[PDB]
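So this one's two forms of a single chain, laid out as structure tokens and tagged structure 1 and structure 2.
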Structure 1
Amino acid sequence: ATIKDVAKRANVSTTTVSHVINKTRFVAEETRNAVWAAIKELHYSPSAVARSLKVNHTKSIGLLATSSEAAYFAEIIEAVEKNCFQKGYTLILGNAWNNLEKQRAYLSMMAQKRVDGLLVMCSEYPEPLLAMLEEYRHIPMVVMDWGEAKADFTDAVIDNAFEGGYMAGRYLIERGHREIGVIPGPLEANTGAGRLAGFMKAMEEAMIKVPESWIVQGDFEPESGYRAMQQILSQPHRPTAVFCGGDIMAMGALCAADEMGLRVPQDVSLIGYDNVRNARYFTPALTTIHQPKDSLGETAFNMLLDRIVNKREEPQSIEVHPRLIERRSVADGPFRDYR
């Protein structure tokens, strides 16, 4: 029941009970035992609430995610979770779905619940959001998904999604392609706009022109893939290859080509991005840019912890790097031999 109850059974003071429970000071064996014994019949469970209340910290972190079912997301999340656990923390998962309201919502409940730090992955960042965010500069936090350091009041991990974008395009070019298309993810997010612009650089470098009929915005969702691909192959002249903003949307596009009896890579080449755990088992095996999701996990937790325990004041940023993963969805384009 309560510490009081334990001391009494133990015939010792709560001060004692508490010290033997946190080994915060020496306690006689005979003493220690008894308390243990007491603890064990009474079936005592120390109240962290009580405790947080005195010590001023909850040993609990809050992840304000965008959605958590998405392959990408899920994957990072599981990581972060692995980190909180090994280091004694507790995860409070919370998805805002990109709903400002839902965002002020969670944010507040968190503060109130007095989470030691805050992990942030909101995908898009409008001023209004960035604004709410500042209001909480007091809480240690890191934004795991910016392309640049959006603000001064936080830690940041940076994925170099542009470098990724560029890598994807190059491979395409280097494989013999010149008629390429793209189904970008929303321009309102980094992994969206950033990857696209990375891709667009390489093209310019190649004096390659992407006809706008060949550009089709996705939402990271497989249906979006499906429809984009559809819309691309559903036209007179079609690219010989396509760079797809994320693997799930990629998967999306794979199904629509199969449905038009288009052959991949034989008829259309396909490059994705993220390298989700199931990508290898796409059909065919997906060729994609791999986003280090597990470090993006770890590096964020870490930065936070630092700030948390090392009472760090200054905002810091850590870069991370994507890297090409070669599979079976891409094939040589018409200009390979001429390179």
Structure 2
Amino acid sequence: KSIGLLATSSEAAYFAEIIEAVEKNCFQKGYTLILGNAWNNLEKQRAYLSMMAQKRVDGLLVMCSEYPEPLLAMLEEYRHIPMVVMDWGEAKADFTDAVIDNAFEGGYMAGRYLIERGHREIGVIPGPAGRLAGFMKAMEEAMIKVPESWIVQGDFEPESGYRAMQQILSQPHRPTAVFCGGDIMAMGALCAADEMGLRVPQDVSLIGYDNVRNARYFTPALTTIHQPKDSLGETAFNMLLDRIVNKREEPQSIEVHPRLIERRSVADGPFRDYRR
């Protein structure tokens, strides 16, 4: 009773929560976990692949940022060992299980809550895209220009959000609201504002994305887009099961929908002049 788990990075703030879910379920079902953590290397990922085969694991489970031809090749050579390939976005007619998170709808929702709160001068601390694409469509649809000097890439880690917010806030003209593409990154943004002497949400409104466990325990309690992370691994982990037992060779798609969690990091903006 063991299961392989070939990841792209346990420590990749994005994925991470998913793993914990795959994990806690295994222990919960007293299985053994055989953790492989690649990082995009045909051989390393290969290595990890054969080893789980030799340790005769009762199920596989892949989580990959990409799925290039080579990887895809290997993956087939090991079809005898039952699995679940979590493939985000691009539903390519292969044999991978499609994960549809509705990030595009996620970012949409965020950018829209801000327009509705009356903000028109907006900042964005983008991660390393669908979300973002979502946010620009509402900005576009509302005719809000976004100065390029108010768009600063983060990396999912607090120091990046800390450096990003300070860059944005530290300009003659600044926005009244900032869209943060990651709750963790948003924790580093709340800090910088505070250290600069800015009252959040009073001087700057902030909305993040994820709804990480601690997000409600931020100061202030963080308004964000709840992205079901630890629902995905439990499902993926169940698709693995049925697959090994019931012999479910026919694939499945895991799709979720985003939801806005209203809390306390967002205030009314100056454009409450237009409507009530």
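Numbering for residues begins at 1 and runs along the sequence of structure 1. Rigid core: the largest C-alpha set superposing within 1.5 Å between the two forms. Residues that one form lacks are left out of the comparison.
- Residue shifts between structure 1 and structure 2, rigid core superposed: of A206, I215, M132, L233, the only C-alpha displaced by 2 Å or more belongs to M132.
- Relative to the larger rigid part, the smaller one has turned by 18° between structure 1 and structure 2, according to C-alpha superposition.
- For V276, the CA shift between structure 1 and structure 2 after superposing the rigid core equals 0.2 Å.
- Relative to the superposed core, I77 moves its CA by 1.6 Å between structure 1 and structure 2.
- When the core is overlaid, the C-alpha of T90 ends up 3.7 Å from its other position between structure 1 and structure 2.
- Superposition on the rigid core leaves 59 to 75, 81 to 145, 150 to 153, 298 to 318, 337 to 339 as the runs of at least three consecutive shared residues whose Cα positions differ by 2 Å or more between structure 1 and structure 2.
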